[PDB]
Structure formats: structure tokens, C-alpha cells
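See below for the structure under consideration.
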Protein chains: 2
Amino acid sequence: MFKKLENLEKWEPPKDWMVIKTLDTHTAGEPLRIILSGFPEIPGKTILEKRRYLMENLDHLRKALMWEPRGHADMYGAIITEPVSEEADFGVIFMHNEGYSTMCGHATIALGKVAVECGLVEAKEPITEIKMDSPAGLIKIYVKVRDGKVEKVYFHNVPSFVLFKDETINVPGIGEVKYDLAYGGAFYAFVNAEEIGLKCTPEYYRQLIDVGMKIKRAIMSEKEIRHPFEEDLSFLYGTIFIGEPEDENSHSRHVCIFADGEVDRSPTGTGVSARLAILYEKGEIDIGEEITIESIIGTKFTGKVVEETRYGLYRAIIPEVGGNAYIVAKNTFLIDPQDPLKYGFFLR
Amino acid sequence: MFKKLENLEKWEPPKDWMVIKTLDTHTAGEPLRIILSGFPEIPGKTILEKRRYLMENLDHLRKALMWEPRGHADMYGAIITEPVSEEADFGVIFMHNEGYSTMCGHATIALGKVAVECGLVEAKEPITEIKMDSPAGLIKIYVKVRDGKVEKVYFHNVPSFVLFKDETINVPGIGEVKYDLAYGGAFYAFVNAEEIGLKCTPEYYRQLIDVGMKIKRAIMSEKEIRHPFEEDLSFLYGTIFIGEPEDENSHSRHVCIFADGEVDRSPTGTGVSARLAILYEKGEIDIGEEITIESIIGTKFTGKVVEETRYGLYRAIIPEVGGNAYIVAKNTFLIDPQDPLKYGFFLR
Ligand SMILES: O=C(O)[C@H]1NCC[C@@H]1O
Ligand SMILES: O=C(O)[C@H]1NCC[C@@H]1O
């Protein structure tokens, strides 16, 4: 019987079943579902064109993988494509509970870890470089390797800058909220949790979603959020609550509310990128000064300003974010043609 | 490159990595993670003894599979064991966000579907019978089979009975709540959603968790919930909100809040079982009268009173619950010995 049961592991579905193979990771608790097979080729000369193809043709499959029952409200995914730039190893479109997504730091860390750990690139010591065409632009991944093992994954992000500083907005049913709006490969409104009467802790999970989504919708309806070069990137990704650090060597804590009330269990890599831009512009950190930022579950990333730059009319930085990721599953997702919930459903 | 990527499918972890192989289903949207391998043998002469062995020795693995990152707050699992009774095919202990669990109807339907679909038992027409030792006692599974295909999965539950009728309890911050308390292989307090100012709809997800868990904790602190024969079964499993039916042929809608604020996406099989006992005792349904009950996502089970019986000092019924399940994945879960979140974490 126990053999029959184990042998179910070699059960093969009918030939009219859709099969999608994935490698799942967590980065600081935040999942990445890496699609290995079962998607068609994604035409487009740019990553943003590829992202448009996916949004217009393959959003059913995004739901099938990100939504219950195969996923959940807080699941996050990656489609790997051929590079579109001269120097990049691969291209990527991310996905979440609401759609196909722009750049994401926790996912970049996971992709760097698996590239070296699983032997897709040679494990060079002390540093392996991988280049990735993201929807936001070119990302440089630096994997720290010792004795053929990954010690840490860093990336250097696209230019990160402050859009708005020390704004106030009237949030219906909440009141006056003070925010900075910064770009770290995505746009975020940063607010102080304690000033709003919240903590960046599990016991405030529901209130962080509710208040974060109201702040997000209020800023989206009142402010133009313009990427200097790309209409498709010109939108608010989320609200990030800044909280006091739990641990002595931590700078601060992040809770990112993004997509459709999705919550990042990581400190958010694009979030740390945008935060470094704010702290740098305010003269609160210097070039080469490493800080540590926590998540709602006390997981951590490092952040550091690498250098100064310009991006359109903005003063900008190249930020470094550091972390690590672990493989948690190899999944074969199956879609029964008779399944009435084949493309999943959404509760949160 | 795309071959390298696909070949990640056949990446094999180091020998010191834990590997747990599963078959994932949904029943009316509610997941079941069926463990195929990776657990030791579970000693015990009774299912409740086996449940105690798992709770005392293997709760780390329950978290590893039910909790993020490999699971989520609403994930549900099954451990298959050798039968302990003369006539049963197998034994089972269920698991959820809080621990190793007693009997569960959505999971029973999934196990019946898989047993026939995946050829663990002969597909007999029109009915295949499978017997299952649950922690609540012997369960009879009746799979309707036509042309070698499963049309529907029914089970006949353990004797189901009313414990308390038309009680009221003061719930702090909510007020006076009217409830019935019934057993359907688990104990539930039934409350009317609309009378409390809620709807059994996705829009009320958060409020259903909050109010359901306050009702649950209040009833657990105030009322003796005694299974006539087994101390380990003597506790309140959850709160079930009764709502008006969305669809013409539906009787009513269920939302079950159970374990640690977990929400059943199905109508709850033990819930329908306990509800049939209430409606029968109130003279609202007769033997052989089939009703349909909806879930928060509008998925459905059938319920029917099969016959009358006694259980200890109670008037009881044998309830029939009907539904269907679909395979959604074959999973190989991996635990990296260096993963600091190897046994997962809990947010809701
Ligand atoms: O780390 C990040 O940047 C992403 N994590 C999930 C949401 C963010 O895009
Ligand atoms: O259908 C059932 O009985 C189970 N579904 C999840 C919670 C219940 O135990």
C-alpha cells in the first residue's frame, strides 16, 4: 500500500492536462515561483514588450500559478526569457496576485542563488557576476562564493531617486498621512508606522494591508507618478511602512503593501533601493555605509549606496541590496481540463 | 539556456536535504496536501494514538509543509497510515495551520477522488467503496464511477448530533451571539452571519476571521464540549457562519473559521454533517432529502440524512456529504539544512 502511495509520485496525468514545472524559493520568507517549463515563447524586442505579451495573452496562467489553490494571496513568480540587451545573461518578467510585474529585489536574490547553487553559471570566487534584463532595466547580480558555495547574493539596481519629499495627503477614513515617494526600480510611498499608530509586526498584519492599500489608492488618485522614460513604469507599486528596528544592529523595519493588498515578508529589495535614495538625499547615510533593514517577520537585507548618478532630471544613486535565498520545492503543477477552478481564485 | 533552465527540473539536492513528496488537490477550492513520502512510520494501535505520536514528535514537519513558505495560513494536509480497524483500507491523520487534526470532509472527498483516479483501488461501477479510519472513527467513502471516470465522491460520516440548541453567549467587543453547537466528526458553533451584520462573501473575509475566532474563544472558555467516548475529541473545532444562498437551488452558505483563524474555502464536510444533525433535530429536513450548501467562493457540497441512530445519550444521524476534487500538483518539498526558515512561519 505504502508503495502504491509512494508510486503516486510517478503517476502521469492524461495528455490533454497542462503541465507547468517550477523551482520554488524563499528570500527572507518571500516566495519566488521560478517557471522552468509549460509557457510558450514570449515575443518582444524589449522586456516591457514581453511583459505586454504576457499581460494580454497569458494572464489566465499567471492566476493558475500565483492564486489559490496552487499559490496564495502572497505568492510571487518569475518568467525567464532570452536576454534583449547585448551583455545580459537572461531577461525576466515577475508576477504577483494582481499581474505581471516590474523589477523585484527578493526575486533577483533568489535567481542569483539558484544560478550558482544549481550550476547554470560557473561558480567564480570571490565574486560571480550575472546580468539580468528586468522590466526596469539592466540589473547586475554579484554572488559572493567561497569553496564553491554561495555565502550571499547582492545586486546593484537601476538608478534610484526621490520623486517627492515630505508630502501630506488626506486619506478618507484615516486622516492626514505624511509620506516620501521614491523609486528603487519601483515607486513606493514611505510612511512612519508608529506615527500612524501601527507597528511593523505580525499582530498588525490586517491593519497594515487595510491602511497601506488606502494610502496607496489615495496617492494614486491624487499624484502623477511619472517614470522619466517609460509610461508602463509610471505607477505607484506600493506603500512601505517604516518601523523601529527590533534588533540592535538593524537600521529600521519595512512592511511593503503592493499589488492587490499583497504583503512582502522580505524587507523588499526595490524598497531598500528607494529607501537608500531617500536617506542619501537627506544626508543621513554616506557612500559605502552598509545598513540592515528588517521585515514584518524580522528577516533582513543589507543596503548600501554604491555611487551617485543622474536619471532624467533627478539626482540618483546606484544602490546595493544584499541577502540570501533557499530552495524549498520542485513543483509539477497540473491543470485538469475538467477543473472548474483551473485558473484559481482570490481571497485576502 | 532554456534547456539548462528546463534541466533544473532534474536538479537533485545534496544527500543531507530532507525530501517530502506530495500530491496536492483542491475540493471546492480547499486544498489537501497528501504526503506520499518523507515521514517515518507512525506507531499506534488507534488513530488517536498515531495522532499523539505525530503531535509529540513531528510537529516541525507539519509546520514545514502547512506553513509558508512551502504552504500558507489556509493549507491543509493528510498523513496516510496502515488501517487500525478490521475492515478499513487505510488510516489518516489530517493537519492544518495549528496542528494534527481530527476528521475532515473536504479531505475525505479528495482522497476518494485520488484513490480511483490514480488507480490505488479498482474503479468499480456504479459505486466503489473505500473505508478509512479517521481520528473520529470509521468513514465510508462511496465513489460514483461511470466509464472508468469519477463522477462524484460521497462519504457517510460518523454519527452526527446536536450538543446545544439556541444558546446565547456574550462575546466581548461583539455582544450577545446566538448559536447551535453540533458534532459532524468535529464540533462547531453555528451562528447567523446577517444577524451579526456580516455576509458570507469574500468582501467580509477579514471580519469573518476576527468575529469567528472571538466566538470560538468565548465558547471554548465558557462551555464543556465533551465527545461521549474520547477526551482528545472533546474541543470546539470552529465557528460556522450561516449565510443566505446566492444560487436558486442552494439551501444556505457556510464559512467555517477553524484552527488558528484558518478559513475553509469549501462548505466544510464535517460542517454539513453537523448542520444536517441540526436541521433534522429541528424537523426542517427528512431522511433522503438532499440539500446543497455553498462556501465563501460559491463552491458546493450536497448533504443528505441517510438514517437515524444514537451515539452515547444523543439522538444522532448518519450524514452523507457529496462533492468532487481535482489534482493541482505533484510536489517535491526540499529542506536545505542551512535554511533558517526550514520549519516555516505564520502570518494572517
Ligand atoms: O523585493 C522586492 O522588490 C519585491 N518583493 C516582493 C514585492 C517587491 O517587488
Ligand atoms: O471539510 C472539512 O470538514 C474540513 N475543511 C477544512 C476544515 C474542515 O475540517
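Simple scheme: letters A, B, ... for chains in C-alpha cells order, numbers from 1 for residues in each chain, numbers from 1 for ligands in the order shown.
For chain B, the residues having at least one atom no farther than 6 Å from chain A, when counting only C-alpha atoms, are residues 5, 6, 36, 37, 328, 329, 330, 331, 332, 333, 334 and 335 of chain B.
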Run DSSP on the backbone and grab whatever in segment 113-250 of chain B lands in helix (DSSP H, G or I); send it over as JSON, numbers by chain. {"B": [113, 114, 115, 116, 117, 193, 194, 195, 196, 202, 203, 204, 205, 206, 207, 208, 209, 210, 211, 212, 213, 214, 215, 216, 217, 218, 219, 220, 221, 222, 231, 232, 233]}
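Residues within 12 Å of residue 57 of chain A, counting only C-alpha atoms and excluding same-chain residues fewer than 3 positions away, are residues 39, 40, 41, 42, 43, 50, 51, 52, 53, 54, 60, 61, 62 and 100 of chain A.
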Residue subset to file, keeping C-alpha atoms, as a PDB file, in the first residue's frame:
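What ended up in part_28.pdb:
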ATOM      1  CA  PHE A  39       4.848  28.579 -21.074  1.00  0.00           C
ATOM      2  CA  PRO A  40       5.171  29.385 -24.803  1.00  0.00           C
ATOM      3  CA  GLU A  41       7.975  31.641 -26.133  1.00  0.00           C
ATOM      4  CA  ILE A  42       7.375  35.326 -25.230  1.00  0.00           C
ATOM      5  CA  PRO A  43       7.906  37.558 -28.300  1.00  0.00           C
ATOM      6  CA  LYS A  50       7.389  40.808 -23.463  1.00  0.00           C
ATOM      7  CA  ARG A  51       5.503  41.922 -20.286  1.00  0.00           C
ATOM      8  CA  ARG A  52       2.667  43.328 -22.521  1.00  0.00           C
ATOM      9  CA  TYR A  53       2.509  39.990 -24.430  1.00  0.00           C
ATOM     10  CA  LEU A  54       2.140  38.064 -21.093  1.00  0.00           C
ATOM     11  CA  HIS A  60      -5.021  33.008 -17.005  1.00  0.00           C
ATOM     12  CA  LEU A  61      -1.741  31.037 -16.423  1.00  0.00           C
ATOM     13  CA  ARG A  62      -0.411  33.783 -14.062  1.00  0.00           C
ATOM     14  CA  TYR A 100       2.903  40.628 -14.484  1.00  0.00           C
TER      15      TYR A 100
END
Going by DSSP on the backbone, which bits of segment 106-328 of chain B are strand (DSSP E or B)? Write them as a ChimeraX atom specification, please. /B:127-134,137-146,149-156,160-171,175-183,187-192,236-243,252-258,262-263,291-294,300-311,314-323,326-328
For segment 213-215 of chain A: contacts at 8 Å, only C-alpha atoms, fewer than 6 positions along chain excluded, given as a list in words: residues 171, 172, 177, 238, 239, 257, 258, 260 and 261 of chain A
List all protein, DNA and RNA residues that have any atom at most 6 Å from ligand 2, counting only C-alpha atoms and all ligand atoms, and write the list as a list in words.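 Using only C-alpha atoms and all ligand atoms, everything at most 6 Å from ligand 2 comes to residues 104, 105, 106, 264, 268, 269, 270 and 271 of chain B.
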As a check of understanding: the span from atom CA of residue 168 of chain B to atom CA of residue 197 of chain B is 16.4 Å
Just want the 9 Å neighbourhood of residue 180 of chain A, counted on only C-alpha atoms, with same-chain residues fewer than 5 positions away dropped. Output as an mmCIF file with N, CA and C atoms, in the first residue's frame.
data_model
loop_
_atom_site.group_PDB
_atom_site.id
_atom_site.type_symbol
_atom_site.label_atom_id
_atom_site.label_comp_id
_atom_site.auth_asym_id
_atom_site.auth_seq_id
_atom_site.Cartn_x
_atom_site.Cartn_y
_atom_site.Cartn_z
ATOM 1 N N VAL A 162 14.614 60.087 -5.350
ATOM 2 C CA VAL A 162 13.424 60.649 -4.656
ATOM 3 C C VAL A 162 12.565 61.405 -5.672
ATOM 4 N N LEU A 163 11.273 61.085 -5.752
ATOM 5 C CA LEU A 163 10.292 61.785 -6.619
ATOM 6 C C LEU A 163 9.678 62.973 -5.861
ATOM 7 N N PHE A 164 9.225 62.734 -4.629
ATOM 8 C CA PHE A 164 8.555 63.718 -3.745
ATOM 9 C C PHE A 164 9.086 63.490 -2.337
ATOM 10 N N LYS A 165 9.171 64.556 -1.559
ATOM 11 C CA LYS A 165 9.722 64.538 -0.191
ATOM 12 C C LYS A 165 8.711 65.250 0.713
ATOM 13 N N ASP A 166 8.401 64.692 1.882
ATOM 14 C CA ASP A 166 7.657 65.412 2.947
ATOM 15 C C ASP A 166 6.321 65.948 2.399
ATOM 16 N N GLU A 167 5.589 65.127 1.666
ATOM 17 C CA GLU A 167 4.207 65.404 1.229
ATOM 18 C C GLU A 167 3.262 64.975 2.346
ATOM 19 N N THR A 168 2.062 65.520 2.313
ATOM 20 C CA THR A 168 0.933 65.167 3.196
ATOM 21 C C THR A 168 -0.240 64.833 2.288
ATOM 22 N N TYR A 188 7.451 53.711 -4.508
ATOM 23 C CA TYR A 188 6.839 53.468 -3.179
ATOM 24 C C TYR A 188 6.567 54.784 -2.447
ATOM 25 N N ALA A 189 5.440 54.830 -1.719
ATOM 26 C CA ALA A 189 5.170 55.842 -0.678
ATOM 27 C C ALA A 189 5.664 55.278 0.653
ATOM 28 N N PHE A 190 6.645 55.928 1.273
ATOM 29 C CA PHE A 190 7.155 55.571 2.617
ATOM 30 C C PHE A 190 6.396 56.375 3.668
ATOM 31 N N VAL A 191 5.863 55.683 4.681
ATOM 32 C CA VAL A 191 5.126 56.324 5.802
ATOM 33 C C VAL A 191 5.696 55.765 7.105
ATOM 34 N N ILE A 278 16.293 58.002 -0.473
ATOM 35 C CA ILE A 278 15.737 58.990 0.487
ATOM 36 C C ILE A 278 16.804 59.338 1.524
#
Could you give me, as a ChimeraX atom specification, the residues within 9 Å of residue 138 of chain A, counting only C-alpha atoms and dropping anything in the same chain fewer than 6 positions from it? /A:85,88,131-132,157-158
With N, CA, C and O atoms kept, could you save the residues just selected as a PDB file, in the first residue's frame?
ATOM      1  N   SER A  85      19.230  42.735 -24.147  1.00  0.00           N
ATOM      2  CA  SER A  85      20.443  43.598 -24.202  1.00  0.00           C
ATOM      3  C   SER A  85      21.677  42.757 -24.558  1.00  0.00           C
ATOM      4  O   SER A  85      21.698  41.542 -24.359  1.00  0.00           O
ATOM      5  N   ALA A  88      23.403  41.007 -21.224  1.00  0.00           N
ATOM      6  CA  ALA A  88      22.620  40.310 -20.176  1.00  0.00           C
ATOM      7  C   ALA A  88      22.635  38.799 -20.441  1.00  0.00           C
ATOM      8  O   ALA A  88      22.629  38.405 -21.598  1.00  0.00           O
ATOM      9  N   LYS A 131      24.185  39.223 -15.264  1.00  0.00           N
ATOM     10  CA  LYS A 131      23.415  40.409 -15.719  1.00  0.00           C
ATOM     11  C   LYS A 131      22.027  39.978 -16.167  1.00  0.00           C
ATOM     12  O   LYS A 131      21.895  38.965 -16.876  1.00  0.00           O
ATOM     13  N   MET A 132      21.029  40.755 -15.778  1.00  0.00           N
ATOM     14  CA  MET A 132      19.605  40.400 -15.939  1.00  0.00           C
ATOM     15  C   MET A 132      18.871  41.616 -16.504  1.00  0.00           C
ATOM     16  O   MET A 132      18.945  42.712 -15.876  1.00  0.00           O
ATOM     17  N   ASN A 157      21.148  47.889  -8.406  1.00  0.00           N
ATOM     18  CA  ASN A 157      19.834  48.177  -9.028  1.00  0.00           C
ATOM     19  C   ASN A 157      20.007  49.260 -10.092  1.00  0.00           C
ATOM     20  O   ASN A 157      21.064  49.910 -10.146  1.00  0.00           O
ATOM     21  N   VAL A 158      18.960  49.462 -10.869  1.00  0.00           N
ATOM     22  CA  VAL A 158      18.804  50.644 -11.755  1.00  0.00           C
ATOM     23  C   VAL A 158      18.904  51.903 -10.881  1.00  0.00           C
ATOM     24  O   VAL A 158      18.714  51.855  -9.660  1.00  0.00           O
TER      25      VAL A 158
END
Residues within 8 Å of segment 124-128 of chain A, only C-alpha atoms, excluding chain neighbours under 2 positions, as a ChimeraX atom specification: /A:122,130,141-148
Output file for the selection above: C-alpha atoms, as a short mmCIF file (atom, residue, chain, number, x, y, z; two decimals), in the first residue's frame:
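Output file again22.cif follows:
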data_model
loop_
_atom_site.label_atom_id
_atom_site.label_comp_id
_atom_site.auth_asym_id
_atom_site.auth_seq_id
_atom_site.Cartn_x
_atom_site.Cartn_y
_atom_site.Cartn_z
CA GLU A 122 30.30 28.85 -13.33
CA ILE A 130 25.21 37.73 -13.63
CA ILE A 141 23.93 40.43 -9.68
CA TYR A 142 27.10 39.84 -7.60
CA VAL A 143 27.14 36.38 -5.92
CA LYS A 144 29.78 36.03 -3.11
CA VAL A 145 31.16 32.44 -3.49
CA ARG A 146 33.56 30.59 -1.10
CA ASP A 147 34.64 26.88 -1.57
CA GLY A 148 32.07 26.55 -4.39
#
Here is a test: counting only C-alpha atoms, which residue of A:58, A:136, A:306, A:18 is nearest to residue 99 of chain A?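 Closest to residue 99 of chain A, using only C-alpha atoms: A:58.
Relative to atom CA of residue 272 of chain A, atom CA of residue 227 of chain A is found at 18.3 Å.
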